[PDB]
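Visitor: Protein chains in written order, with the deposited numbering: chain F, 1 to 110; chain E, 1 to 117; chain B, 98 to 141, 153 to 176, 190 to 243, 261 to 289; chain C, 338 to 526, 529 to 577. We treat Cβ as the ideally placed atom computed from N, Cα and C, and that holds for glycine. I'd like to ask some things about the structure below.
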Amino acid sequence: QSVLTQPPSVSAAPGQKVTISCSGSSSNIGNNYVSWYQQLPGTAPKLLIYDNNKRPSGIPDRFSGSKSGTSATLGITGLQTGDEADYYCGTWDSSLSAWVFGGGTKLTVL
Amino acid sequence: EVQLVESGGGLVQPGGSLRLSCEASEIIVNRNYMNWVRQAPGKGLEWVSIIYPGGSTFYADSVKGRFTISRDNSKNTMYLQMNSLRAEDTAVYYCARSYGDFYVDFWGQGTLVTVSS
Amino acid sequence: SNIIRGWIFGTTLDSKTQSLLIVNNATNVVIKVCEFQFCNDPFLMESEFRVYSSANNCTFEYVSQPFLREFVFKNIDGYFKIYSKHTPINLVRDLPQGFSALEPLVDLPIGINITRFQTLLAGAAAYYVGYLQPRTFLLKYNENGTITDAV
Amino acid sequence: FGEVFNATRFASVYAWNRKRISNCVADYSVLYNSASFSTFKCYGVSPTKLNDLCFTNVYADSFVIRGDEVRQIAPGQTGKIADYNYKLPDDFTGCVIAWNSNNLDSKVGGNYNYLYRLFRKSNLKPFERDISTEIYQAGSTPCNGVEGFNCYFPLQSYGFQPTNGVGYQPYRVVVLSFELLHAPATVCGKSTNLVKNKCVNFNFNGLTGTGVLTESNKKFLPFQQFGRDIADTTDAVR
Ligand SMILES: *[C@@H]1O[C@H](CO)[C@@H](O)[C@H](O)[C@H]1NC(C)=O
Numbered sequence: 001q002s003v004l005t006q007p008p009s010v011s012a013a014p015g016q017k018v019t020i021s022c023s024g025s026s027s028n029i030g031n032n033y034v035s036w037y038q039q040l041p042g043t044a045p046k047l048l049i050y051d052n053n054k055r056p057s058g059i060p061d062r063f064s065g066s067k068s069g070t071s072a073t074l075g076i077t078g079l080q081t082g083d084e085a086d087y088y089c090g091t092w093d094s095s096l097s098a099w100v101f102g103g104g105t106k107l108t109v110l
Numbered sequence: 001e002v003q004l005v006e007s008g009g010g011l012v013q014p015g016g017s018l019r020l021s022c023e024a025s026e027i028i029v030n031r032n033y034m035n036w037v038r039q040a041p042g043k044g045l046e047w048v049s050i051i052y053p054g055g056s057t058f059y060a061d062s063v064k065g066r067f068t069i070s071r072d073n074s075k076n077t078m079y080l081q082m083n084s085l086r087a088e089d090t091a092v093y094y095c096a097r098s099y100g101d102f103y104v105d106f107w108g109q110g111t112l113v114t115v116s117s
Numbered sequence: 098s099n100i101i102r103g104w105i106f107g108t109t110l111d112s113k114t115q116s117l118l119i120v121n122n123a124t125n126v127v128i129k130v131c132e133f134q135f136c137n138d139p140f141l153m154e155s156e157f158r159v160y161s162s163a164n165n166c167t168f169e170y171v172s173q174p175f176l190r191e192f193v194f195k196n197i198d199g200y201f202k203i204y205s206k207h208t209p210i211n212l213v214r215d216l217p218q219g220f221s222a223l224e225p226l227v228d229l230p231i232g233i234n235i236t237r238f239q240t241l242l243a261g262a263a264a265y266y267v268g269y270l271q272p273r274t275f276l277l278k279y280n281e282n283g284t285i286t287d288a289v
Numbered sequence: 338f339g340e341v342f343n344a345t346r347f348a349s350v351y352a353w354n355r356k357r358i359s360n361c362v363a364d365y366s367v368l369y370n371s372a373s374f375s376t377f378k379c380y381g382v383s384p385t386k387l388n389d390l391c392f393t394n395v396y397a398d399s400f401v402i403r404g405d406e407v408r409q410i411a412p413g414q415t416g417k418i419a420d421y422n423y424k425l426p427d428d429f430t431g432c433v434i435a436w437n438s439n440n441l442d443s444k445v446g447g448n449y450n451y452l453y454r455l456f457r458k459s460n461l462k463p464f465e466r467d468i469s470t471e472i473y474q475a476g477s478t479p480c481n482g483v484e485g486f487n488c489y490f491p492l493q494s495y496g497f498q499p500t501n502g503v504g505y506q507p508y509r510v511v512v513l514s515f516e517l518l519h520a521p522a523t524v525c526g529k530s531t532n533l534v535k536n537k538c539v540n541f542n543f544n545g546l547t548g549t550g551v552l553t554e555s556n557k558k559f560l561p562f563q564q565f566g567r568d569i570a571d572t573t574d575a576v577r
């Protein structure tokens, strides 16, 4: 199963925009939509990005995302204590017909 | 208010047969596209199976054959049965609702399936 | 009685079974296999086209030179045959004495059975209907190939 | 063939368009040798036998799906397009042909009217369609005209930007289906003539005289075809 590459960790101080980039291929990310999911330690993940740029209802602002062709990036103006968490990126792989999820990035609000 | 309740994960030996159940409110299990996703402790999420509303079943090659699935309209429950349990199987399994293949929403707390001696 | 424009076969004249229609509008013939609803007394100076009720599902389409008299119709093995001959005779109140041979016009692949047809659509109708039957005939061909006489 | 194999295609898989083709000679050699199409998958038909086989009815379905789901328009295929939108149990020994529509999809970003039936209660029946805008509801609360957090929409458009794509980009799939009813089949498909050069065996239309051919002058009626002078022996043909 092809796995999207994710930055192992991204750490920034509060008030700094944070960008997480999901590596991808045409078979998976290039031809299909990407979404980002936020899991706090000890909780089931909650959808963070609705669809490419779009944002779901019930989601705090300062969170936005960009699909740059094969690779998709997530931008977060400011790093509040809550923002620290684990973020994952997912899309359907057409050829193997499986959702592909990256290992995740451990955001650390410093 | 949509809710997800799951139980059925327990200590088991390899090659064993075990079952899970997921309960939901405000969403009909048959009409809604449903998914089963697993997280090994401190590990990235891995997708397992999706059931389309009409009845289509898709699995993953890693969990192919060892895993099996069904959805019961009468009991409004989704069932995940796993035989040939392997070292990898240990994880927390969260039943999820998907808007087709566009995105997954309403993740559930899940139950920890543990396979060991 | 040139008023006559054509005739509908219409096996059961229902939506379930298909029906054949033929019409002469003085320029070219029209053959419709679309199923037509039952008509109590269709009528065609005078108004035209009120025999039409509903023309859903037309499988076979055809148009040819206008027929505008002895006609013969028969169906065998899904084929529809017609034969026609026109000859000028007068001073006869019945069938004129004399021998006349009928030539084939067209072969139509309708593929259905037409038990219980309906008659024509238009003055006196002056129309004769006879029934065919299995027989043996002895036919005589002249020098050029025209059937002169038979017994 | 062009009426369907070649026209501006605004057809969508959710509402595919079907055509009855009959009472015409069918030359499939032009389609097979065209090499203007990405695929020409054929199941229970042989390419040589395609012209030879005669058929009561020819039914052609025109629709547009993404390159990735061209495979789903096949027998025994499971996926959103096959189950909910267009389904072929065996295709009746039919042939599936795909032509890229990326050139047809002009402009930086046009979704046209292309839509996919993501939400349907069950799987369709062979060669069946579905055009209900009925809100899926997907919940105990009955969705009526008013929109709801669960009402959603069954039909979703496809974005077709010219750049990249390939998988997202659609190859229009036109499916052929030939059935054989009781009604006679006319759907199917000559050499130079030498007179008195030598004795030659032959087949004009249905007869095999196998005899020398010579110029005749016999009077002959128009509707007639051949002559039998004596003992049902064929002496002259036209
Ligand atoms: C038969 O054809 C010849 C052709 O010249 C003609 O002279 C003759 O009158 C024809 N016979 C009849 C009975 O019409």
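Considering just the uninterrupted stretch of the alpha helix (DSSP H) at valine 367(C), what are its terminal residues?
Guide: 366-370
Visitor: Counting only runs that start and end within the stretch 51-116 of chain E, where is the alpha helix (DSSP H) found for 4 or more residues in a row?
Guide: Taking only runs of at least 4 residues, no alpha helix (DSSP H) segment lies wholly in the stretch 51-116 of chain E.
Visitor: Please name the residue or residues paired with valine 350(C) in a DSSP beta bridge.
Guide: Note: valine 350(C) sits in no beta bridge, so no partner.
Visitor: Is the stretch 423-442 of chain C touching the stretch 456-465 of chain C, taking contact as three or more C-beta pairs under 8 angstroms?
Guide: yes
Visitor: Candidates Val362(C), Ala397(C), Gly416(C): which alpha carbon is nearest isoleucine 434(C)'s?
Guide: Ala397(C)
Visitor: According to the neighbour-count rule (16 or more other Cβ atoms, all chains shown, within 10 Å of its Cβ), is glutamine 115(B) buried or exposed?
Guide: By the Cβ-count criterion, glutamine 115(B) is buried, with 16 or more other Cβ atoms from all chains shown falling within 10 Å of its own Cβ.
Visitor: Using 8 angstroms as the Cβ pair cut-off and three pairs as the minimum, do the stretch 114-130 of chain B and the stretch 153-170 of chain B touch?
Guide: yes
Visitor: Looking at the C-beta of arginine 466(C), does it have a partner C-beta in chain E at a distance below 9 angstroms?
Guide: no
Visitor: Look up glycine 103(B) in the DSSP assignment and give the residues it is bridged to.
Guide: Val120(B), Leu242(B)
Visitor: So the beta strand (DSSP E) residue 528(C) belongs to, where does it begin and stop?
Guide: Residue 528(C) cannot be placed in this structure, since chain C goes from 526 to 529 without the numbers between.
Visitor: Whose Cβ in chain E lies nearer than 7 angstroms to the Cβ of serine 71(F)?
Guide: For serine 71(F), none of the residues of chain E pass the 7 angstroms Cβ criterion, the least Cβ distance being about 17 angstroms.
Visitor: Closer than 6 angstroms by C-beta to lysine 195(B): which residues in its own chain qualify, once you throw out the five before and the five after it? Chain order, please.
Guide: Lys202
Visitor: Please tell me whether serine 62(E) has its Cβ less than 9 angstroms away from any Cβ of chain F.
Guide: yes
Visitor: Given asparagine 30(E), which residues of its chain have a CB within under 8 angstroms of its CB, disregarding the five upstream and five downstream residues?
Guide: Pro53, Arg71, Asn73
Visitor: May I ask you to list, following chain order, the residues of the stretch 91-109 of chain F that have a beta carbon less than 8 angstroms from some beta carbon of chain E?
Guide: Among the residues of the stretch 91-109 of chain F, those with a Cβ less than 8 angstroms away from any Cβ of chain E are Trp92, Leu96, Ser97, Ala98, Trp99, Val100, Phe101, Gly102, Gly103, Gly104, in the order of the chain.
Visitor: Measuring only between beta-carbons, confirm whether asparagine 35(E) sits less than 9 angstroms from chain F.
Guide: yes
Visitor: Can you round the beta-carbon distance between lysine 46(F) and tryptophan 107(E) to whole angstroms, since I take them to be within the 8 angstroms contact cut?
Guide: 7 angstroms
Visitor: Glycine 110(E) touches chain F at which residues, Cβ-Cβ below 7 angstroms?
Guide: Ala44
Visitor: Would you say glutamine 414(C) reaches chain B, if we count a Cβ-Cβ gap shorter than 9 angstroms as a contact?
Guide: no
Visitor: If you draw a straight line from the C-alpha of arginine 567(C) to the C-alpha of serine 221(B), how long is it?
Guide: 23 angstroms
Visitor: Give the residues whose C-beta lies closer than 6 angstroms to at least one heavy atom of ligand 1, in chain order.
Guide: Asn280(B), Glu281(B), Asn282(B), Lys558(C)
Visitor: Would you decide whether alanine 475(C) is buried or exposed? Buried here means 16 or more other CB atoms lie within 10 Å of its CB.
Guide: buried
Visitor: Excluding the five sequence neighbours on either side, which residues of its own chain have a C-beta within less than 6 angstroms of the C-beta of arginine 38(E), listed in chain order?
Guide: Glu46, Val48, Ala91, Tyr93
Visitor: In this structure, does DSSP put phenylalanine 342(C) in helix, strand or coil?
Guide: In the three-state reduction of the DSSP assignment, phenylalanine 342(C) falls in the helix class, which pools H, G and I.
Visitor: Which residues in the same chain have their Cβ closer than 7 angstroms to the Cβ of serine 27(F), if we skip the five residues on either side of it in sequence?
Guide: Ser2, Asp93, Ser94, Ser95
Visitor: On the three-pair Cβ rule with 8 angstroms, is the stretch 555-566 of chain C touching the stretch 267-283 of chain B?
Guide: At 8 angstroms Cβ cutoff, the stretches touch.
Visitor: At 7 angstroms on the CB atoms, spell out the chain C contacts of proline 41(E), in chain order.
Guide: None at all; the shortest Cβ gap to chain C is about 33 angstroms.
Visitor: What are the boundary residues of the beta strand (DSSP E) that includes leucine 20(E)?
Guide: 18-24
Visitor: Have a look at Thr240(B), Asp228(B), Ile101(B), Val127(B) and flag the residue whose alpha-carbon is nearest the alpha-carbon of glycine 268(B).
Guide: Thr240(B)
Visitor: Report the residues of the stretch 484-504 of chain C with a CB closer than 8 angstroms to any CB of chain F, ordered along the chain.
Guide: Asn501, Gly502, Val503, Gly504
Visitor: Return helix, strand or coil for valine 267(B), following the three-state DSSP convention.
Guide: coil
Visitor: Any chance the CB of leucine 226(B) is under 8 angstroms from a heavy atom of ligand 3?
Guide: In the structure on display, ligand 3 does not appear, and the ligands it does have are ligand 1.
Visitor: Since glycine 75(F) and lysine 17(F) are thought to touch, with beta carbons under 8 angstroms apart, how far apart are those beta carbons, to the nearest angstrom?
Guide: 6 angstroms
Visitor: Kindly indicate which three-state DSSP category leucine 276(B) falls into: helix, strand or coil?
Guide: coil
Visitor: Report the residue ranges of all beta strand (DSSP E) runs contained in full by the stretch 371-439 of chain C; include only those spanning at least 3 residues, in chain order.
Guide: 376-379, 394-403, 432-437
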